[PDB]
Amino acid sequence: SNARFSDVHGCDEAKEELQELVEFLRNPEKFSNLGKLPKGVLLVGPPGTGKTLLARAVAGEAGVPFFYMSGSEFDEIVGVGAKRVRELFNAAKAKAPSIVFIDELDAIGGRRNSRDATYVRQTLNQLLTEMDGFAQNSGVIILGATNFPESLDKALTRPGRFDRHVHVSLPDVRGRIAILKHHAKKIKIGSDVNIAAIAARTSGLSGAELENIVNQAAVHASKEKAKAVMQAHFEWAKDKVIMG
C-alpha cells in the first residue's frame, strides 16, 4: 500500500497546501478549467521531516505513479546524468498523471570543479529541458526536496520551473506528540507511558527519529519479555536515538 496523508503528522500546513497537488493529479482537466497550474514544487526542510513521505503521500492520495530520483546520484562526479534525467521523465510522461520526486535537488547544478563543469551543465540543462517541455495539461508534477534552498541553481527557481515551495520543518512539541501517538498506534502502550513527557524531551528531533523511538522502545520491551511497552522503554529508546 502506498503512503497517505494520514501517515504524515506534525506538519498539517504542508499537507493542506499539498492537497491542491492531489486535486490536480486526480483530474488535471477539471483543475485547469477554473483558471495557474503547478509544475515544480520545492519541499524545504531538514532531513527526516517527511519530505519523501509527503511526496509519496501525494502520489498515493491521487492514485498516480511515483518516480524517484536522487541528486546524490551525481556526488562522485560517474555516468551520463542527462541520459538518467531524460529516461526518468520519459517514463513519467508515459504514465501521466504522475509524480517525479527529485531528492537533494541542490546537488544538480552545483558549482563543483571546472572538470565537473561539463558534467554538471549537461545534467542541469537536461532537467531544465524536460520541465520547459511540458505542454498544456501534461499531468507530471515535479517535487524537489532540499535542505539548502540557498544552494539551488538560479535556473531551477525561475518562473515556470520550481517557482513554488512548501516548508517541512522540524515538529514542535505539539507535532512531536502527534507523531509519537501515530506510530504508537501500532504498539501495546503501557500504563505508565506519558507521550507528552517524551515529546518535551525530544526538541529538535525529526519525525523519522521519533518513529525510531517508538519502534526501538517496542523492540526493547519485547527483548525484556515485558507485557507492554513502558515509559522506561521509551526513555531508553529516546536516549539511544538522541545519542545516535
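The first residue of the sequence shown is number 1, and the count goes up from there.
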What lies unmodelled of the deposited sequence between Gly35 and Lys36 amounts to 1 to 3
Per the entry, how many deposited residues between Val173 and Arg174 lack coordinates? The answer is none
Comparing mean C-alpha B factor in the record for 193 to 201 and 49 to 57, the higher one is 193 to 201
Quick note on 234 to 242 and 1 to 9: per-entry mean CA temperature factor is higher in 1 to 9
Based on the PDB entry, the highest CA temperature factor among the options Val166, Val80, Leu88, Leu127 is that of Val80
In terms of its chain's C-alpha B-factors, the third that includes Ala135 is the highest
So, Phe101's CA B-factor, relative to its chain, sits in which third? The lowest
Binned into thirds over the chain's modelled residues, the C-alpha B-factor of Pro149 lands in the highest
Binned into thirds over the chain's modelled residues, the C-alpha B-factor of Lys227 lands in the highest
Entry-reported C-alpha B-factor of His183 relative to its chain, by third, is lowest
